[PDB]
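This document opens with one chain alone, in structure tokens, the form deposited in one PDB entry.
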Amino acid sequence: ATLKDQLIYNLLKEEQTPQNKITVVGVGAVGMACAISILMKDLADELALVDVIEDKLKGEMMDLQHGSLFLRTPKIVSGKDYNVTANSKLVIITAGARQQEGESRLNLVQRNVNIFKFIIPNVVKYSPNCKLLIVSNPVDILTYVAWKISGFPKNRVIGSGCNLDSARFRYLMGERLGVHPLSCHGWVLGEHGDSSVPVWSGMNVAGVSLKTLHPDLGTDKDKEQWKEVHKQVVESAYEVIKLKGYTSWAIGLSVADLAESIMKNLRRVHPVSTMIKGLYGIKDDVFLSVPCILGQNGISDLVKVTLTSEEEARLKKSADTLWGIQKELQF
């Protein structure tokens, strides 16, 4: 006998499977911040980590495991092989190529496409009914790439999209008004990053439209330059990268918030990247951010935001650009 048998009498031996498993692919700064935030919010009964760098992967797994006493996630696993990811409810993709100096933006997109050609079939093999959450950049293109390779219905392929853009916007809006971001409502939609769209019409506090109160809101004529609040969202992203070399905490927190709605079937509305073909005159197979209802089936529904002619044209332009890149990709 052993001390374990001497101490514990076993009733059943039945080895069970997890009921609420989450996988994070890529254990970089983004991946690990998603992981800690998911662990601290008790969203999973099992967490799996996958990467190609075997040393960093094992080390990251061990560090999280060493914090088990302070967590409510009883099993943390990791591996190069996707068998560790079997029957995940949600799979978060944060894996990506490093831009290699003098490398064209198109070449970098194709290198991420080649990374996805290995990841996505492996994820689908072990978790065919999972929801895919894409973080890796350019997020709108890579959500399309994930959807194309997986063969999943559009509801199960979610792009992080304008979730962080909107979170940064609400932070800045909150600083200007001296109100908590939670009570400062405003939506940044369309293409994630530089080409995103601030929807001035929906910007409000307690249902009081800021555009109705201040008609110059979002225009160049605006004496208070509220257009700078969206400009600062883009500038802040470059500033964080210049100051600390990457972004981790804000993206990790935003992803755990999406994960919460999916895992708990909350049916909360989030600005995430979805297949927008058929909206705003877009005819191409492109993914853009709109407010989506997130639950156990991923994106079950989307909010049909009324956009101005200028806003509609900006999303249309982004669709044309993304399709222009996408049509040239080698699968």
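The numbering used is simple: start at 1 and walk along the sequence shown. Only residues modelled in both forms are compared. Whichever C-alpha set is largest while still superposing within 1.5 Å between the two forms counts as the rigid core.
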Entry B factor averaged over C-alpha atoms, 236 to 244 against 183 to 191: higher for 236 to 244
Return whichever of 74 to 82 and 105 to 113 has the greater mean Cα B factor according to the PDB record.
105 to 113
Of the options 174, 202, 161, 218, which has the highest CA B factor as deposited?
218
Which of these has the highest Cα B-factor in the record: 270, 41, 283, 267?
283
Quick one: classify residue 53 as lowest, middle or highest third of the chain based on its Cα B-factor.
highest
Should residue 31 be placed in the lowest, middle or highest third of its chain by the C-alpha B factor in the entry?
lowest
Against its chain's modelled residues, does residue 276's Cα B factor rank lowest, middle or highest third?
highest
Can you work out whether the C-alpha temperature factor of residue 122 puts it in the lowest, middle or highest third of the chain?
middle
What third of its chain's C-alpha B-factors does residue 170 belong to: lowest, middle or highest?
lowest
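Keep in mind the form deposited in another entry is missing from the figure; the text below concerns it.
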Which residue moves between this form and the one not shown, judged by a Cα shift of 2 Å or more on the rigid core: 129, 104, 183, 83?
104
Relative to the form shown here, do the C-alpha atoms of residue 195 and residue 105 sit closer together or farther apart in the other form, given a change of 3 Å or more?
closer
Indicate closer or farther: the Cα atoms of residue 115 and residue 101, in the other form, relative to the displayed form, with a change of 3 Å or more.
farther
Looking only at residues in both forms, which consecutive runs of at least three have C-alphas displaced 2 Å or more between this form and the one not shown after fitting the rigid core?
97 to 108
